[PDB]
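A.B. asks: Below is a structure I'd like to ask you about.
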Amino acid sequence: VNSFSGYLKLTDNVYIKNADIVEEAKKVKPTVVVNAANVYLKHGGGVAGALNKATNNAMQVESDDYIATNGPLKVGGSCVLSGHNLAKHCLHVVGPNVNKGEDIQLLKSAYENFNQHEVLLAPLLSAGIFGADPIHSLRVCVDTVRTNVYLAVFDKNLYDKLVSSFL
Ligand SMILES: CN1CCN(c2ncnc3[nH]ccc23)[C@@H](CO)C1
């Protein structure tokens, strides 16, 4: 039993809700919140910009030190950093950005990072400003993640379409 509330159950391990991931994280304080990161951990917009804003830019400060030490992530890769005031940990995961021409096959590799964590609050990878089809992202999530994932979908219209079209 966990404290996630109001989710629709899609499969044995995947749950979904129309919610602002920032507000969900502040309420639940999950062990792991997933960020829709880029390889430079530049949290300018989309989910990343919103999460970073909610940390008063502390996420960005920590991220800049991480990059200065380690260099950029790989597309499809991840790193674990602090969750600041939102969660114990933030798993920064880089899905392919279609608006940069990156290979959508890397979306499965991106979701594989979730399997290193027993329970996560997450957005749909590569959705939103990353330019991928969110219906496809949900399919890859369900077919790749085996740990317990609670998906927050900001857009109510999109949430309804994801549920109604889910196979
Ligand atoms: C795939 N898209 C991208 C972003 N988005 C979010 N989902 C949850 N929390 C969020 N905070 C800022 C954006 C955002 C959904 C659309 O409302 C899904």
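Naming scheme: A, B, ... for chains in displayed order of the structure tokens; residues 1 onward per chain; ligands 1 onward as shown.
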Enumerate, as number ranges by chain, the complete set of residues in chain A that a backbone-based DSSP assignment places in alpha helix (DSSP H).
C.D. replies: A: 21-28, 46-54, 58-70, 106-112, 134-144, 156-164
A.B. asks: Please produce an output containing C-alpha atoms for each residue in the selection, written as a CSV table (one decimal), in the first residue's frame.
C.D. replies:
chain,number,residue,atom,x,y,z
A,21,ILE,CA,3.3,16.4,-11.5
A,22,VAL,CA,4.6,19.3,-9.5
A,23,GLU,CA,1.5,19.3,-7.3
A,24,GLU,CA,1.4,15.5,-7.1
A,25,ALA,CA,5.0,15.4,-5.9
A,26,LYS,CA,4.4,18.1,-3.3
A,27,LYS,CA,1.5,16.1,-1.9
A,28,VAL,CA,2.9,12.6,-2.0
A,46,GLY,CA,8.1,21.5,-20.0
A,47,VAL,CA,8.1,19.2,-17.0
A,48,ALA,CA,11.7,20.0,-16.2
A,49,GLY,CA,11.2,23.7,-16.2
A,50,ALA,CA,8.2,23.3,-13.9
A,51,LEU,CA,9.9,20.9,-11.5
A,52,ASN,CA,13.0,23.1,-11.3
A,53,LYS,CA,10.8,26.2,-10.7
A,54,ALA,CA,9.2,24.4,-7.8
A,58,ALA,CA,18.0,24.4,-6.5
A,59,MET,CA,17.5,21.5,-9.0
A,60,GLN,CA,19.3,23.6,-11.7
A,61,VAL,CA,22.2,24.5,-9.3
A,62,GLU,CA,22.7,20.9,-8.4
A,63,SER,CA,22.4,19.8,-12.0
A,64,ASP,CA,25.1,22.3,-13.2
A,65,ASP,CA,27.5,20.9,-10.7
A,66,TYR,CA,26.7,17.3,-11.9
A,67,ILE,CA,27.4,18.3,-15.5
A,68,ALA,CA,30.6,20.1,-14.7
A,69,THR,CA,31.9,17.0,-13.0
A,70,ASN,CA,30.4,14.2,-15.3
A,106,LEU,CA,15.7,5.2,-27.7
A,107,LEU,CA,12.4,5.7,-25.9
A,108,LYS,CA,12.4,2.1,-24.7
A,109,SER,CA,16.0,2.5,-23.4
A,110,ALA,CA,14.8,5.6,-21.5
A,111,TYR,CA,12.0,3.8,-19.8
A,112,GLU,CA,14.3,0.9,-18.8
A,134,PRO,CA,2.0,10.4,-26.1
A,135,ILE,CA,-0.1,7.3,-27.0
A,136,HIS,CA,3.1,5.7,-28.2
A,137,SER,CA,5.0,6.7,-25.1
A,138,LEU,CA,2.3,5.1,-22.9
A,139,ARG,CA,2.5,1.9,-24.9
A,140,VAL,CA,6.3,1.8,-24.6
A,141,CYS,CA,6.0,2.5,-20.8
A,142,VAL,CA,3.5,-0.4,-20.3
A,143,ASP,CA,5.6,-2.8,-22.4
A,144,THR,CA,9.0,-1.8,-20.7
A,156,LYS,CA,-7.0,16.7,-19.3
A,157,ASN,CA,-8.0,16.3,-22.9
A,158,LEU,CA,-4.8,14.2,-23.5
A,159,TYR,CA,-5.5,12.1,-20.4
A,160,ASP,CA,-9.0,11.2,-21.6
A,161,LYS,CA,-7.6,10.2,-25.0
A,162,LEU,CA,-4.9,8.1,-23.5
A,163,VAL,CA,-7.4,6.2,-21.3
A,164,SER,CA,-10.0,5.8,-24.0
A.B. asks: Need to verify the contact set: residue 149 of chain A, 12 Å, only C-alpha atoms, exclusion of same-chain residues closer than 6 positions in sequence. Can you return it as a PyMOL selection string?
C.D. replies: chain A and resi 2+4+7-17+30-34+111-124+138+141-142
A.B. asks: Nearest residue to residue 105 of chain A out of A:19, A:91, A:132, A:86, using only C-alpha atoms?
C.D. replies: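 Nearest candidate to residue 105 of chain A out of A:19, A:91, A:132, A:86: A:132.
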A.B. asks: Among segment 3-68 of chain A, which residues carry a DSSP assignment of strand (DSSP E), reported as a PDB file with N, CA and C atoms, in the first residue's frame?
C.D. replies:
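Resulting contents of states-v4.pdb:
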ATOM      1  N   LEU A   8      -6.178   5.756 -12.121  1.00  0.00           N
ATOM      2  CA  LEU A   8      -6.765   4.650 -12.860  1.00  0.00           C
ATOM      3  C   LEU A   8      -5.680   3.596 -13.069  1.00  0.00           C
ATOM      4  N   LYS A   9      -6.040   2.330 -12.887  1.00  0.00           N
ATOM      5  CA  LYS A   9      -5.104   1.222 -13.035  1.00  0.00           C
ATOM      6  C   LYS A   9      -5.139   0.751 -14.482  1.00  0.00           C
ATOM      7  N   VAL A  14       1.145  -0.322 -13.846  1.00  0.00           N
ATOM      8  CA  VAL A  14       1.085   1.030 -14.391  1.00  0.00           C
ATOM      9  C   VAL A  14      -0.262   1.658 -14.054  1.00  0.00           C
ATOM     10  N   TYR A  15      -0.195   2.871 -13.510  1.00  0.00           N
ATOM     11  CA  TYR A  15      -1.329   3.661 -13.066  1.00  0.00           C
ATOM     12  C   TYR A  15      -1.232   5.039 -13.705  1.00  0.00           C
ATOM     13  N   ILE A  16      -2.371   5.711 -13.908  1.00  0.00           N
ATOM     14  CA  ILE A  16      -2.385   6.991 -14.615  1.00  0.00           C
ATOM     15  C   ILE A  16      -3.416   7.937 -14.007  1.00  0.00           C
ATOM     16  N   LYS A  17      -3.103   9.237 -14.044  1.00  0.00           N
ATOM     17  CA  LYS A  17      -3.968  10.260 -13.468  1.00  0.00           C
ATOM     18  C   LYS A  17      -3.784  11.569 -14.226  1.00  0.00           C
ATOM     19  N   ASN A  18      -4.871  12.327 -14.376  1.00  0.00           N
ATOM     20  CA  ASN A  18      -4.787  13.700 -14.866  1.00  0.00           C
ATOM     21  C   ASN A  18      -4.338  14.563 -13.696  1.00  0.00           C
ATOM     22  N   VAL A  32      10.772   8.619  -5.447  1.00  0.00           N
ATOM     23  CA  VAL A  32      11.367   8.991  -6.726  1.00  0.00           C
ATOM     24  C   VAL A  32      10.341   9.752  -7.558  1.00  0.00           C
ATOM     25  N   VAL A  33      10.699  10.969  -7.979  1.00  0.00           N
ATOM     26  CA  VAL A  33      10.007  11.660  -9.059  1.00  0.00           C
ATOM     27  C   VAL A  33      10.915  11.647 -10.277  1.00  0.00           C
ATOM     28  N   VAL A  34      10.336  11.351 -11.437  1.00  0.00           N
ATOM     29  CA  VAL A  34      11.071  11.363 -12.695  1.00  0.00           C
ATOM     30  C   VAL A  34      10.966  12.737 -13.340  1.00  0.00           C
ATOM     31  N   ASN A  35      12.111  13.259 -13.777  1.00  0.00           N
ATOM     32  CA  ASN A  35      12.162  14.458 -14.597  1.00  0.00           C
ATOM     33  C   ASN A  35      12.359  14.085 -16.057  1.00  0.00           C
ATOM     34  N   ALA A  36      11.656  14.813 -16.926  1.00  0.00           N
ATOM     35  CA  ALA A  36      11.833  14.764 -18.375  1.00  0.00           C
ATOM     36  C   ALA A  36      13.026  15.645 -18.742  1.00  0.00           C
TER      37      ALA A  36
END
A.B. asks: Using atom CA of residue 97 of chain A and atom CA of residue 85 of chain A as the two end points, give the distance in Å to one decimal.
C.D. replies: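 Distance between the two atoms: 27.4 Å.
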A.B. asks: Counting only C-alpha atoms, figure out which residue out of A:151, A:95, A:146, A:78 gets nearest to residue 131 of chain A.
C.D. replies: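 Of A:151, A:95, A:146, A:78, the one nearest residue 131 of chain A is A:95, counting only C-alpha atoms.
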A.B. asks: With only C-alpha atoms and all ligand atoms as the atoms that count, which of A:81, A:37, A:1, A:145 lies nearest to ligand 1?
C.D. replies: A:37
A.B. asks: Choose the residue, out of A:154, A:96, A:148, A:165, that has the smallest atom-to-atom separation from ligand 1; count only C-alpha atoms and all ligand atoms.
C.D. replies: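 Going through A:154, A:96, A:148, A:165 one by one, the smallest distance to ligand 1 is for A:154.
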A.B. asks: To one decimal in Å, tell me the separation between atom CA of residue 127 of chain A and atom 2 (N, counted along the ligand's line) of ligand 1.
C.D. replies: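 So the answer is 4.5 Å.
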